[PDB]
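Next up: a single chain in structure tokens, the form deposited without guanosine-5'-monophosphate (5GP).
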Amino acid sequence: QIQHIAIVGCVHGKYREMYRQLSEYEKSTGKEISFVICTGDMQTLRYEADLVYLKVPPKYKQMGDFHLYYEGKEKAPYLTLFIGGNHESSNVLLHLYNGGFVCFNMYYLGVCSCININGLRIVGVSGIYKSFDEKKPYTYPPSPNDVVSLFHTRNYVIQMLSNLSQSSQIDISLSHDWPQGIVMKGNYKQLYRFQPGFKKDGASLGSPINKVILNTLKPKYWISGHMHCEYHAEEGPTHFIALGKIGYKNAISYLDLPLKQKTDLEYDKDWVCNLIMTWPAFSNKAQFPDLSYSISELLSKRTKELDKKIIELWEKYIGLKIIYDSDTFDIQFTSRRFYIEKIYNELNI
């Protein structure tokens, strides 16, 4: 038995088109899409005012299609999981830094996280890398002055995700920019023919953050967007696949994976445990994380007995299933942190 997963590069606000293309795959092949994964540049602008938070050159200050799905005039035909890239309504993604549905059937994985679906564990790392911002906290609520920095990947995601392959393997990991160095691990001479511009960065092309995460977790697949080309490479046991941008043939591909269990989208238990145990570092809603705390120090305190109690409490207050919530994003921000704090303080530490 088999599940067909659509993997999509840069959407850049062309949702109707993307879903059209996915429908046409189901038509021309007769195959069923279980769900969709998108590697970023989602541009989930709810309304005109959100344009302030979209860092793009002037010619690309446009609403795109998302607002149609947000309003409910259009309806996403398939469960679509995504991370953020460098072209985003960054204010929206900050409210949902702990993940969340932006509208029916579209689930943002957050700054980073791991989820479960159909027996797979999927890790997402949002953003692109800039050294000058990798140690910068997030300030909340979002300010228009942060349009240039909100989408830069912070280094702390490394310590948040590093222990995730301890109890089982990671099936799929998603990023926006490529893991640094992985360009050398495929047919780069051919890549450089189609993409002359890439040659000058050499092995340093990509994110050192994503490189470390890939090396640490060694997922079956690592999928990236950002670069506007298709590319495949192998870094030991990890299959790397880069996808292009919607509108071009190399934007969408399909993973044909074994399917043992069909099961709804769920929170990952190891992620949840990390989320609760790192709470002290995230306790100041105005500025997080506070790195006077050591993330790995906080996570060194995980135990089997505490993990068990955390999951019991998470199931109680939130549920294991990730379900659609239509509250405004600022409410979802406050609500998820409320329960994270509650669970943490119930553990007694």
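Residues carry their position along the shown sequence, with the first being 1.
The same protein has a further form, the form solved in complex with guanosine-5'-monophosphate (5GP), not shown here; the description that follows concerns it.
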Taking guanosine-5'-monophosphate (5GP) in the entry with it bound as the reference, which of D201, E234, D264, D256 has a non-hydrogen atom within 4.5 Å? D201
Tell me, which of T238, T278, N91, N86 has a heavy atom within 4.5 angstroms of guanosine-5'-monophosphate (5GP) in the entry with it bound? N86
Does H228 make contact with guanosine-5'-monophosphate (5GP) in the entry with it bound, using a 4.5 Å heavy atom cut-off? yes
Verify the contact flag for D41: yes if a non-hydrogen atom of it lies within 4.5 Å of a non-hydrogen atom of guanosine-5'-monophosphate (5GP) in the entry with it bound, no if not. yes
Within 4.5 Å, heavy atoms only: does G197 come near guanosine-5'-monophosphate (5GP) in the entry with it bound? yes
Tell me, yes or no, whether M160 is in contact with guanosine-5'-monophosphate (5GP) in the entry with it bound, where a contact means a heavy atom of each within 4.5 Å. no
Among 270-278, 94-102, 220-228, 256-264, mark the stretch whose residues have heavy atoms within 4.5 Å of guanosine-5'-monophosphate (5GP) in the entry with it bound. 220-228
